[PDB]
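File shown here: target.pdb, holding PDB, C-alpha atoms.
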ATOM      1  CA  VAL O   1     -44.298 -92.703-262.231  1.00  0.00           C
ATOM      2  CA  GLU O   2     -45.640 -91.259-265.488  1.00  0.00           C
ATOM      3  CA  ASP O   3     -46.918 -87.741-266.018  1.00  0.00           C
ATOM      4  CA  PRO O   4     -50.357 -86.586-264.802  1.00  0.00           C
ATOM      5  CA  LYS O   5     -53.097 -87.316-267.342  1.00  0.00           C
ATOM      6  CA  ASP O   6     -55.281 -84.649-265.750  1.00  0.00           C
ATOM      7  CA  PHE O   7     -55.322 -82.232-262.829  1.00  0.00           C
ATOM      8  CA  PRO O   8     -55.323 -83.671-259.277  1.00  0.00           C
ATOM      9  CA  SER O   9     -58.646 -85.224-258.227  1.00  0.00           C
ATOM     10  CA  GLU O  10     -59.203 -82.546-255.553  1.00  0.00           C
ATOM     11  CA  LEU O  11     -59.693 -79.914-258.260  1.00  0.00           C
ATOM     12  CA  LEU O  12     -61.623 -81.794-260.954  1.00  0.00           C
ATOM     13  CA  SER O  13     -64.988 -80.543-259.653  1.00  0.00           C
ATOM     14  CA  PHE O  14     -64.164 -76.889-260.444  1.00  0.00           C
ATOM     15  CA  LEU O  15     -63.052 -77.401-264.057  1.00  0.00           C
ATOM     16  CA  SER O  16     -64.633 -77.949-267.460  1.00  0.00           C
ATOM     17  CA  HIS O  17     -63.645 -81.176-269.234  1.00  0.00           C
ATOM     18  CA  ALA O  18     -64.697 -80.262-272.753  1.00  0.00           C
ATOM     19  CA  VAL O  19     -61.263 -79.008-273.848  1.00  0.00           C
ATOM     20  CA  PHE O  20     -62.581 -79.010-277.425  1.00  0.00           C
ATOM     21  CA  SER O  21     -65.692 -76.952-276.662  1.00  0.00           C
ATOM     22  CA  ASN O  22     -66.513 -73.785-278.596  1.00  0.00           C
ATOM     23  CA  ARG O  23     -67.458 -72.020-275.384  1.00  0.00           C
ATOM     24  CA  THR O  24     -65.222 -69.145-274.315  1.00  0.00           C
ATOM     25  CA  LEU O  25     -64.101 -68.344-270.783  1.00  0.00           C
ATOM     26  CA  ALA O  26     -61.938 -65.889-268.957  1.00  0.00           C
ATOM     27  CA  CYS O  27     -60.570 -68.245-266.291  1.00  0.00           C
ATOM     28  CA  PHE O  28     -58.055 -70.987-266.917  1.00  0.00           C
ATOM     29  CA  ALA O  29     -55.660 -73.432-265.280  1.00  0.00           C
ATOM     30  CA  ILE O  30     -52.632 -75.366-266.500  1.00  0.00           C
ATOM     31  CA  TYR O  31     -51.024 -78.510-265.138  1.00  0.00           C
ATOM     32  CA  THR O  32     -47.368 -78.896-266.105  1.00  0.00           C
ATOM     33  CA  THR O  33     -43.799 -79.224-264.813  1.00  0.00           C
ATOM     34  CA  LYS O  34     -42.352 -76.677-262.402  1.00  0.00           C
ATOM     35  CA  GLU O  35     -39.926 -75.209-264.940  1.00  0.00           C
ATOM     36  CA  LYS O  36     -42.559 -74.861-267.676  1.00  0.00           C
ATOM     37  CA  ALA O  37     -45.043 -73.372-265.206  1.00  0.00           C
ATOM     38  CA  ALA O  38     -42.672 -70.577-264.193  1.00  0.00           C
ATOM     39  CA  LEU O  39     -42.014 -69.859-267.871  1.00  0.00           C
ATOM     40  CA  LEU O  40     -45.709 -69.879-268.829  1.00  0.00           C
ATOM     41  CA  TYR O  41     -46.188 -67.635-265.812  1.00  0.00           C
ATOM     42  CA  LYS O  42     -44.345 -64.777-267.526  1.00  0.00           C
ATOM     43  CA  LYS O  43     -45.495 -65.685-271.050  1.00  0.00           C
ATOM     44  CA  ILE O  44     -49.232 -66.012-270.429  1.00  0.00           C
ATOM     45  CA  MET O  45     -49.142 -62.873-268.337  1.00  0.00           C
ATOM     46  CA  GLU O  46     -47.885 -61.007-271.376  1.00  0.00           C
ATOM     47  CA  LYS O  47     -49.732 -62.916-274.110  1.00  0.00           C
ATOM     48  CA  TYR O  48     -53.260 -62.467-272.728  1.00  0.00           C
ATOM     49  CA  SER O  49     -52.635 -59.446-270.447  1.00  0.00           C
ATOM     50  CA  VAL O  50     -54.030 -61.395-267.507  1.00  0.00           C
ATOM     51  CA  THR O  51     -55.810 -59.542-264.664  1.00  0.00           C
ATOM     52  CA  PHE O  52     -54.467 -62.220-262.344  1.00  0.00           C
ATOM     53  CA  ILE O  53     -52.171 -65.245-262.694  1.00  0.00           C
ATOM     54  CA  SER O  54     -50.877 -67.499-259.909  1.00  0.00           C
ATOM     55  CA  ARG O  55     -48.385 -70.392-259.750  1.00  0.00           C
ATOM     56  CA  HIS O  56     -48.946 -73.256-257.290  1.00  0.00           C
ATOM     57  CA  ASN O  57     -47.063 -76.248-255.880  1.00  0.00           C
ATOM     58  CA  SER O  58     -48.874 -79.431-256.836  1.00  0.00           C
ATOM     59  CA  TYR O  59     -47.302 -82.793-255.953  1.00  0.00           C
ATOM     60  CA  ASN O  60     -43.846 -82.210-257.482  1.00  0.00           C
ATOM     61  CA  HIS O  61     -45.345 -80.237-260.377  1.00  0.00           C
ATOM     62  CA  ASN O  62     -47.071 -76.893-260.813  1.00  0.00           C
ATOM     63  CA  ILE O  63     -50.471 -75.412-261.479  1.00  0.00           C
ATOM     64  CA  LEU O  64     -50.986 -72.016-263.075  1.00  0.00           C
ATOM     65  CA  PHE O  65     -54.315 -70.338-262.478  1.00  0.00           C
ATOM     66  CA  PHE O  66     -55.118 -67.096-264.273  1.00  0.00           C
ATOM     67  CA  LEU O  67     -57.873 -64.660-265.091  1.00  0.00           C
ATOM     68  CA  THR O  68     -58.020 -62.964-268.531  1.00  0.00           C
ATOM     69  CA  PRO O  69     -59.343 -59.517-269.700  1.00  0.00           C
ATOM     70  CA  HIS O  70     -61.203 -61.138-272.571  1.00  0.00           C
ATOM     71  CA  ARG O  71     -62.750 -64.524-273.280  1.00  0.00           C
ATOM     72  CA  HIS O  72     -61.034 -67.352-275.133  1.00  0.00           C
ATOM     73  CA  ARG O  73     -61.613 -70.992-275.996  1.00  0.00           C
ATOM     74  CA  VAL O  74     -59.607 -73.350-273.803  1.00  0.00           C
ATOM     75  CA  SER O  75     -58.658 -74.522-277.286  1.00  0.00           C
ATOM     76  CA  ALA O  76     -56.432 -71.512-278.075  1.00  0.00           C
ATOM     77  CA  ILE O  77     -54.965 -71.246-274.584  1.00  0.00           C
ATOM     78  CA  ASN O  78     -53.775 -74.816-275.095  1.00  0.00           C
ATOM     79  CA  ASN O  79     -52.210 -74.316-278.545  1.00  0.00           C
ATOM     80  CA  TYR O  80     -50.211 -71.379-277.242  1.00  0.00           C
ATOM     81  CA  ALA O  81     -49.119 -73.265-274.154  1.00  0.00           C
ATOM     82  CA  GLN O  82     -48.090 -76.365-276.110  1.00  0.00           C
ATOM     83  CA  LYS O  83     -46.242 -74.285-278.714  1.00  0.00           C
ATOM     84  CA  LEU O  84     -43.507 -73.289-276.306  1.00  0.00           C
ATOM     85  CA  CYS O  85     -43.672 -76.592-274.417  1.00  0.00           C
ATOM     86  CA  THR O  86     -42.409 -79.851-275.935  1.00  0.00           C
ATOM     87  CA  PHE O  87     -40.986 -82.812-273.992  1.00  0.00           C
ATOM     88  CA  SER O  88     -43.214 -81.763-271.100  1.00  0.00           C
ATOM     89  CA  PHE O  89     -46.703 -82.816-270.088  1.00  0.00           C
ATOM     90  CA  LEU O  90     -49.213 -79.954-270.181  1.00  0.00           C
ATOM     91  CA  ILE O  91     -52.876 -80.132-269.261  1.00  0.00           C
ATOM     92  CA  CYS O  92     -55.136 -77.120-269.884  1.00  0.00           C
ATOM     93  CA  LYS O  93     -58.761 -76.436-268.917  1.00  0.00           C
ATOM     94  CA  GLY O  94     -61.339 -73.734-268.332  1.00  0.00           C
ATOM     95  CA  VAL O  95     -62.473 -73.037-264.794  1.00  0.00           C
ATOM     96  CA  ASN O  96     -66.157 -72.949-263.915  1.00  0.00           C
ATOM     97  CA  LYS O  97     -65.754 -72.465-260.156  1.00  0.00           C
ATOM     98  CA  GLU O  98     -63.276 -69.576-260.265  1.00  0.00           C
ATOM     99  CA  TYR O  99     -63.145 -68.705-256.582  1.00  0.00           C
ATOM    100  CA  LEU O 100     -63.376 -72.337-255.535  1.00  0.00           C
ATOM    101  CA  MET O 101     -60.499 -73.327-257.848  1.00  0.00           C
ATOM    102  CA  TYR O 102     -58.112 -70.592-256.646  1.00  0.00           C
ATOM    103  CA  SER O 103     -59.000 -70.767-252.940  1.00  0.00           C
ATOM    104  CA  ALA O 104     -58.407 -74.536-253.053  1.00  0.00           C
ATOM    105  CA  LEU O 105     -55.067 -73.704-254.671  1.00  0.00           C
ATOM    106  CA  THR O 106     -54.039 -71.750-251.589  1.00  0.00           C
ATOM    107  CA  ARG O 107     -54.719 -74.616-249.188  1.00  0.00           C
ATOM    108  CA  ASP O 108     -53.243 -78.019-248.509  1.00  0.00           C
ATOM    109  CA  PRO O 109     -52.401 -80.133-250.391  1.00  0.00           C
ATOM    110  CA  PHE O 110     -51.624 -77.033-252.423  1.00  0.00           C
ATOM    111  CA  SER O 111     -49.788 -73.762-251.783  1.00  0.00           C
ATOM    112  CA  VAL O 112     -48.961 -70.585-253.704  1.00  0.00           C
ATOM    113  CA  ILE O 113     -45.462 -69.965-255.028  1.00  0.00           C
ATOM    114  CA  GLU O 114     -46.146 -66.495-256.429  1.00  0.00           C
ATOM    115  CA  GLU O 115     -49.039 -64.471-257.817  1.00  0.00           C
ATOM    116  CA  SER O 116     -49.547 -61.287-259.881  1.00  0.00           C
ATOM    117  CA  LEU O 117     -51.392 -59.560-257.014  1.00  0.00           C
ATOM    118  CA  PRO O 118     -49.629 -60.290-253.737  1.00  0.00           C
ATOM    119  CA  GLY O 119     -52.349 -60.607-251.137  1.00  0.00           C
ATOM    120  CA  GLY O 120     -54.499 -62.763-253.377  1.00  0.00           C
ATOM    121  CA  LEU O 121     -58.149 -62.453-254.395  1.00  0.00           C
ATOM    122  CA  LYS O 122     -61.247 -62.569-252.208  1.00  0.00           C
ATOM    123  CA  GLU O 123     -64.572 -64.074-253.271  1.00  0.00           C
ATOM    124  CA  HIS O 124     -66.476 -60.788-253.742  1.00  0.00           C
ATOM    125  CA  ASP O 125     -64.037 -59.559-256.405  1.00  0.00           C
ATOM    126  CA  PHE O 126     -65.420 -62.234-258.755  1.00  0.00           C
ATOM    127  CA  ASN O 127     -68.149 -61.436-261.217  1.00  0.00           C
ATOM    128  CA  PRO O 128     -69.019 -64.988-262.366  1.00  0.00           C
TER     129      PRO O 128
ATOM    130  CA  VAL G   1     -85.539 -74.008-268.887  1.00  0.00           C
ATOM    131  CA  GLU G   2     -82.558 -72.320-267.218  1.00  0.00           C
ATOM    132  CA  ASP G   3     -82.255 -68.549-266.859  1.00  0.00           C
ATOM    133  CA  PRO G   4     -80.023 -66.600-269.270  1.00  0.00           C
ATOM    134  CA  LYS G   5     -76.249 -66.981-269.024  1.00  0.00           C
ATOM    135  CA  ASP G   6     -75.231 -63.780-270.848  1.00  0.00           C
ATOM    136  CA  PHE G   7     -76.708 -60.691-272.517  1.00  0.00           C
ATOM    137  CA  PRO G   8     -78.320 -61.156-275.952  1.00  0.00           C
ATOM    138  CA  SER G   9     -75.450 -62.155-278.281  1.00  0.00           C
ATOM    139  CA  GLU G  10     -76.288 -59.055-280.316  1.00  0.00           C
ATOM    140  CA  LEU G  11     -74.691 -56.875-277.599  1.00  0.00           C
ATOM    141  CA  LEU G  12     -71.726 -58.897-276.357  1.00  0.00           C
ATOM    142  CA  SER G  13     -69.406 -56.781-278.546  1.00  0.00           C
ATOM    143  CA  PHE G  14     -70.073 -53.566-276.595  1.00  0.00           C
ATOM    144  CA  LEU G  15     -69.312 -55.268-273.267  1.00  0.00           C
ATOM    145  CA  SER G  16     -66.446 -56.281-270.968  1.00  0.00           C
ATOM    146  CA  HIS G  17     -66.423 -59.963-269.986  1.00  0.00           C
ATOM    147  CA  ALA G  18     -63.878 -60.378-267.193  1.00  0.00           C
ATOM    148  CA  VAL G  19     -65.201 -62.300-264.180  1.00  0.00           C
ATOM    149  CA  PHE G  20     -62.293 -60.736-262.302  1.00  0.00           C
ATOM    150  CA  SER G  21     -60.845 -57.275-262.711  1.00  0.00           C
ATOM    151  CA  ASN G  22     -59.264 -54.341-260.917  1.00  0.00           C
ATOM    152  CA  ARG G  23     -60.344 -52.056-263.717  1.00  0.00           C
ATOM    153  CA  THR G  24     -62.980 -49.460-262.737  1.00  0.00           C
ATOM    154  CA  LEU G  25     -65.511 -47.977-265.159  1.00  0.00           C
ATOM    155  CA  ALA G  26     -68.201 -45.275-265.372  1.00  0.00           C
ATOM    156  CA  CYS G  27     -70.728 -47.165-267.548  1.00  0.00           C
ATOM    157  CA  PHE G  28     -72.478 -50.392-266.606  1.00  0.00           C
ATOM    158  CA  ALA G  29     -75.403 -52.498-267.759  1.00  0.00           C
ATOM    159  CA  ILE G  30     -77.561 -55.114-266.060  1.00  0.00           C
ATOM    160  CA  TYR G  31     -79.484 -57.920-267.698  1.00  0.00           C
ATOM    161  CA  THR G  32     -82.265 -59.196-265.435  1.00  0.00           C
ATOM    162  CA  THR G  33     -86.090 -59.528-265.215  1.00  0.00           C
ATOM    163  CA  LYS G  34     -88.678 -56.786-265.784  1.00  0.00           C
ATOM    164  CA  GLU G  35     -89.575 -56.472-262.108  1.00  0.00           C
ATOM    165  CA  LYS G  36     -86.022 -56.469-260.788  1.00  0.00           C
ATOM    166  CA  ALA G  37     -85.148 -53.943-263.505  1.00  0.00           C
ATOM    167  CA  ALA G  38     -87.811 -51.596-262.186  1.00  0.00           C
ATOM    168  CA  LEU G  39     -86.685 -51.876-258.552  1.00  0.00           C
ATOM    169  CA  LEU G  40     -83.060 -51.270-259.540  1.00  0.00           C
ATOM    170  CA  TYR G  41     -83.732 -48.308-261.819  1.00  0.00           C
ATOM    171  CA  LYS G  42     -84.523 -46.218-258.732  1.00  0.00           C
ATOM    172  CA  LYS G  43     -82.107 -47.983-256.385  1.00  0.00           C
ATOM    173  CA  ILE G  44     -79.144 -47.767-258.764  1.00  0.00           C
ATOM    174  CA  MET G  45     -79.968 -44.125-259.525  1.00  0.00           C
ATOM    175  CA  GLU G  46     -79.559 -43.280-255.834  1.00  0.00           C
ATOM    176  CA  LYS G  47     -76.664 -45.586-254.881  1.00  0.00           C
ATOM    177  CA  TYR G  48     -74.249 -44.389-257.560  1.00  0.00           C
ATOM    178  CA  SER G  49     -75.498 -40.865-258.339  1.00  0.00           C
ATOM    179  CA  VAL G  50     -75.864 -41.850-261.982  1.00  0.00           C
ATOM    180  CA  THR G  51     -75.653 -38.996-264.500  1.00  0.00           C
ATOM    181  CA  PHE G  52     -77.984 -40.980-266.704  1.00  0.00           C
ATOM    182  CA  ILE G  53     -79.819 -44.287-266.516  1.00  0.00           C
ATOM    183  CA  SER G  54     -82.214 -46.006-268.882  1.00  0.00           C
ATOM    184  CA  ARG G  55     -84.304 -49.176-268.710  1.00  0.00           C
ATOM    185  CA  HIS G  56     -85.152 -50.972-271.946  1.00  0.00           C
ATOM    186  CA  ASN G  57     -87.417 -53.784-273.013  1.00  0.00           C
ATOM    187  CA  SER G  58     -85.246 -56.732-273.971  1.00  0.00           C
ATOM    188  CA  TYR G  59     -87.535 -59.642-274.780  1.00  0.00           C
ATOM    189  CA  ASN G  60     -89.179 -61.309-271.797  1.00  0.00           C
ATOM    190  CA  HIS G  61     -86.662 -59.522-269.568  1.00  0.00           C
ATOM    191  CA  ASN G  62     -85.049 -56.071-269.277  1.00  0.00           C
ATOM    192  CA  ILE G  63     -81.638 -54.418-269.658  1.00  0.00           C
ATOM    193  CA  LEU G  64     -80.568 -51.512-267.413  1.00  0.00           C
ATOM    194  CA  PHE G  65     -78.029 -48.972-268.701  1.00  0.00           C
ATOM    195  CA  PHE G  66     -76.391 -46.167-266.763  1.00  0.00           C
ATOM    196  CA  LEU G  67     -73.359 -43.914-266.524  1.00  0.00           C
ATOM    197  CA  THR G  68     -71.630 -42.840-263.326  1.00  0.00           C
ATOM    198  CA  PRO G  69     -69.834 -39.591-262.358  1.00  0.00           C
ATOM    199  CA  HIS G  70     -67.172 -41.655-260.603  1.00  0.00           C
ATOM    200  CA  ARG G  71     -65.647 -45.063-261.249  1.00  0.00           C
ATOM    201  CA  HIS G  72     -66.356 -48.398-259.629  1.00  0.00           C
ATOM    202  CA  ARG G  73     -65.466 -52.062-260.027  1.00  0.00           C
ATOM    203  CA  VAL G  74     -68.097 -53.967-261.992  1.00  0.00           C
ATOM    204  CA  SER G  75     -67.929 -56.497-259.131  1.00  0.00           C
ATOM    205  CA  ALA G  76     -68.927 -53.832-256.578  1.00  0.00           C
ATOM    206  CA  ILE G  77     -71.945 -52.890-258.690  1.00  0.00           C
ATOM    207  CA  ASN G  78     -72.793 -56.566-259.074  1.00  0.00           C
ATOM    208  CA  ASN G  79     -72.475 -57.310-255.359  1.00  0.00           C
ATOM    209  CA  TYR G  80     -74.973 -54.487-254.694  1.00  0.00           C
ATOM    210  CA  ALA G  81     -77.507 -55.658-257.291  1.00  0.00           C
ATOM    211  CA  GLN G  82     -77.534 -59.288-256.056  1.00  0.00           C
ATOM    212  CA  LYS G  83     -78.755 -58.410-252.558  1.00  0.00           C
ATOM    213  CA  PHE G  84     -83.790 -64.947-256.416  1.00  0.00           C
ATOM    214  CA  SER G  85     -84.239 -63.924-260.048  1.00  0.00           C
ATOM    215  CA  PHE G  86     -81.321 -64.092-262.510  1.00  0.00           C
ATOM    216  CA  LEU G  87     -79.109 -61.003-262.883  1.00  0.00           C
ATOM    217  CA  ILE G  88     -76.079 -60.317-265.114  1.00  0.00           C
ATOM    218  CA  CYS G  89     -74.094 -57.128-264.367  1.00  0.00           C
ATOM    219  CA  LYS G  90     -71.254 -55.996-266.664  1.00  0.00           C
ATOM    220  CA  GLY G  91     -69.092 -53.048-267.656  1.00  0.00           C
ATOM    221  CA  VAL G  92     -69.792 -51.305-270.977  1.00  0.00           C
ATOM    222  CA  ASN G  93     -66.783 -50.541-273.228  1.00  0.00           C
ATOM    223  CA  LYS G  94     -68.650 -48.867-276.059  1.00  0.00           C
ATOM    224  CA  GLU G  95     -71.250 -46.776-274.234  1.00  0.00           C
ATOM    225  CA  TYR G  96     -72.946 -44.943-277.107  1.00  0.00           C
ATOM    226  CA  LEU G  97     -73.234 -47.998-279.351  1.00  0.00           C
ATOM    227  CA  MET G  98     -74.574 -49.954-276.383  1.00  0.00           C
ATOM    228  CA  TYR G  99     -77.254 -47.404-275.494  1.00  0.00           C
ATOM    229  CA  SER G 100     -78.076 -46.888-279.159  1.00  0.00           C
ATOM    230  CA  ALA G 101     -78.612 -50.595-279.789  1.00  0.00           C
ATOM    231  CA  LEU G 102     -80.920 -50.772-276.762  1.00  0.00           C
ATOM    232  CA  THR G 103     -83.123 -48.155-278.484  1.00  0.00           C
ATOM    233  CA  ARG G 104     -83.732 -50.089-281.724  1.00  0.00           C
ATOM    234  CA  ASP G 105     -85.906 -53.074-282.621  1.00  0.00           C
ATOM    235  CA  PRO G 106     -85.723 -55.624-280.969  1.00  0.00           C
ATOM    236  CA  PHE G 107     -85.080 -53.281-278.045  1.00  0.00           C
ATOM    237  CA  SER G 108     -86.890 -50.109-276.968  1.00  0.00           C
ATOM    238  CA  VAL G 109     -86.861 -47.789-273.965  1.00  0.00           C
ATOM    239  CA  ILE G 110     -89.313 -47.956-271.086  1.00  0.00           C
ATOM    240  CA  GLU G 111     -87.935 -45.102-269.004  1.00  0.00           C
ATOM    241  CA  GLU G 112     -84.727 -43.067-268.892  1.00  0.00           C
ATOM    242  CA  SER G 113     -83.401 -40.284-266.627  1.00  0.00           C
ATOM    243  CA  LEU G 114     -82.859 -37.833-269.468  1.00  0.00           C
ATOM    244  CA  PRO G 115     -85.614 -36.776-271.864  1.00  0.00           C
ATOM    245  CA  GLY G 116     -84.455 -38.068-275.236  1.00  0.00           C
ATOM    246  CA  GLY G 117     -81.629 -40.120-273.776  1.00  0.00           C
ATOM    247  CA  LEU G 118     -78.613 -39.729-276.046  1.00  0.00           C
TER     248      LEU G 118
END
Show the structure stored in the file as structure tokens.
Amino acid sequence: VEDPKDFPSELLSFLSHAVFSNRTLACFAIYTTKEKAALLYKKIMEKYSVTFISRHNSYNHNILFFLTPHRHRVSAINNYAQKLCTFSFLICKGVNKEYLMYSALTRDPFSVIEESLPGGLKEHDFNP
Amino acid sequence: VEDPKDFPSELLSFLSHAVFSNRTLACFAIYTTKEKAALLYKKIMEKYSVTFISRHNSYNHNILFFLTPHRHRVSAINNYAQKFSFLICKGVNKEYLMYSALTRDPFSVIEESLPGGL
């Protein structure tokens, strides 16, 4: 067993795969170890003043999903993540299907561990 | 060709770009077609008791700008507007600059709720 080279297949359809793109987004997701996830959970929340950020169980690892106040290039959300994150796999990408990504993160095979707004988000709150 | 994805780059600075927020505001702006813009001018005026609302010529399309006496979630405004043409609804952070820009070439006003605007 090596480390994931990308997010689980189930989610791939809701994410952008141009991690080098110059496009900017406000929704992001990170695939990394449990311990790092929990740490990036507090860090990212502060760093980008997230409007929402959730941590999810994902096959022995974790997935952070978060919404930002401003727009950024997946490029800079990755540099920051990596910075404080050696010796640990870390996969970062922008989300195109915001609601779909999160909602899927609340259902099997996934499940929430914690989230900035207990209660979670509903589809109509999104302004894609 | 696909419909627009954002407001004209020349205005992005004055706007809020969260696709998810619990922040409420009293100034919004909609980027859609000329016909939809017209419908909405009246509809939006009534629905949110705007204190001021203006509709400007963008290029092929139109941009609607208004201020509210009370605050709402951009999402709530958007949900209302959506109910087939493209439509982009967003909060405005720098209200004056935003309305000012919409009154200069390229842009111009078609109709506003206050003679002279701002």
ask   = Taking the file as shown, what set of residues would the PyMOL selection byres ((chain G) within 10 of (chain O)) give back, as a ChimeraX atom specification?
value = /G:16-23,73-79,88-90
Would you translate the PyMOL selection byres ((chain O and resi 6) around 10) into the concrete set of residues it matches in this file, as a compact mmCIF listing (two decimals) with C-alpha atoms, keeping the file's coordinate frame?
# COMPACT_ATOMS: atom_id res chain seq x y z
CA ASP O 3 -46.92 -87.74 -266.02
CA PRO O 4 -50.36 -86.59 -264.80
CA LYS O 5 -53.10 -87.32 -267.34
CA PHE O 7 -55.32 -82.23 -262.83
CA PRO O 8 -55.32 -83.67 -259.28
CA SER O 9 -58.65 -85.22 -258.23
CA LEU O 11 -59.69 -79.91 -258.26
CA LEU O 12 -61.62 -81.79 -260.95
CA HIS O 17 -63.64 -81.18 -269.23
CA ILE O 30 -52.63 -75.37 -266.50
CA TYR O 31 -51.02 -78.51 -265.14
CA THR O 32 -47.37 -78.90 -266.10
CA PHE O 89 -46.70 -82.82 -270.09
CA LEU O 90 -49.21 -79.95 -270.18
CA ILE O 91 -52.88 -80.13 -269.26
CA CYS O 92 -55.14 -77.12 -269.88
CA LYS O 93 -58.76 -76.44 -268.92
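Considering the residues G:87, G:1, G:25, G:15 and counting all atoms listed in the file, residue 70 in chain G has its shortest atom-to-atom contact with G:25.
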I'd like the contact shell of residue 110 in chain O - 10 Å cut-off, only C-alpha atoms, skipping same-chain residues fewer than 2 positions apart - returned as a PDB file with C-alpha atoms, keeping the file's coordinate frame.
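And here is the file that came out, result-v2.pdb:
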ATOM      1  CA  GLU O  10     -59.203 -82.546-255.553  1.00  0.00           C
ATOM      2  CA  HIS O  56     -48.946 -73.256-257.290  1.00  0.00           C
ATOM      3  CA  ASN O  57     -47.063 -76.248-255.880  1.00  0.00           C
ATOM      4  CA  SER O  58     -48.874 -79.431-256.836  1.00  0.00           C
ATOM      5  CA  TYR O  59     -47.302 -82.793-255.953  1.00  0.00           C
ATOM      6  CA  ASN O  62     -47.071 -76.893-260.813  1.00  0.00           C
ATOM      7  CA  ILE O  63     -50.471 -75.412-261.479  1.00  0.00           C
ATOM      8  CA  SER O 103     -59.000 -70.767-252.940  1.00  0.00           C
ATOM      9  CA  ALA O 104     -58.407 -74.536-253.053  1.00  0.00           C
ATOM     10  CA  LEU O 105     -55.067 -73.704-254.671  1.00  0.00           C
ATOM     11  CA  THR O 106     -54.039 -71.750-251.589  1.00  0.00           C
ATOM     12  CA  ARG O 107     -54.719 -74.616-249.188  1.00  0.00           C
ATOM     13  CA  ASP O 108     -53.243 -78.019-248.509  1.00  0.00           C
ATOM     14  CA  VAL O 112     -48.961 -70.585-253.704  1.00  0.00           C
ATOM     15  CA  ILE O 113     -45.462 -69.965-255.028  1.00  0.00           C
TER      16      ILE O 113
END
request  = Could you check which of O:37, O:84, O:77, O:45 is closest to residue 60 in chain O, using only C-alpha atoms?
outcome  =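 Checking each of O:37, O:84, O:77, O:45 against residue 60 in chain O, counting only C-alpha atoms, the winner is O:37.
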request  = Provide the CA of residue 85 in chain O to CA of residue 42 in chain O distance in Å, to one decimal place.
outcome  =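 Computing it gives 13.7 Å between the two atoms.
Relative to CA of residue 95 in chain O, CA of residue 33 in chain G is found at 27.2 Å.
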request  = Take CA of residue 85 in chain G and CA of residue 99 in chain G and report the distance between them in Å, one decimal.
outcome  =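 Calculated distance between CA of residue 85 in chain G and CA of residue 99 in chain G is 23.7 Å.
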inquiry  = I'd like the residues picked by the PyMOL selection byres ((chain G and resi 103) around 12) written out as number ranges by chain, using the chain letters and numbers from the file.
reply    = G: 54-58, 63-65, 96-102, 104-112, 116-118
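Shown here are all protein and nucleic acid residues lying within 10 Å of (-37.7, -76.7, -268.5), with all atoms listed in the file considered: residues 33, 34, 35, 36, 37, 38, 39, 85, 86, 87 and 88 of chain O.
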Centre and size of axis-aligned box enclosing range 60-71 of chain O plus 8 Å each side, as lines of an AutoDock Vina configuration file:
center_x = -53.3
center_y = -70.9
center_z = -265.4
size_x = 34.9
size_y = 38.7
size_z = 31.8
query = For residue 53 in chain G, which residue out of G:93, G:26, G:35, G:72 is the nearest one, using only C-alpha atoms?
reply =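 Among the listed residues, the smallest separation from residue 53 in chain G belongs to G:26.
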inquiry  = Here is a test: counting only C-alpha atoms, which residue of O:1, O:15, O:64, O:44 is nearest to residue 114 in chain O?
reply    =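 Nearest candidate to residue 114 in chain O out of O:1, O:15, O:64, O:44: O:64.
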key: Local residues around (-80.5, -61.7, -278.1), at most 10 Å away, using only C-alpha atoms, as an NGL selection string   = :G and (6-12 or 58-59 or 106-107)
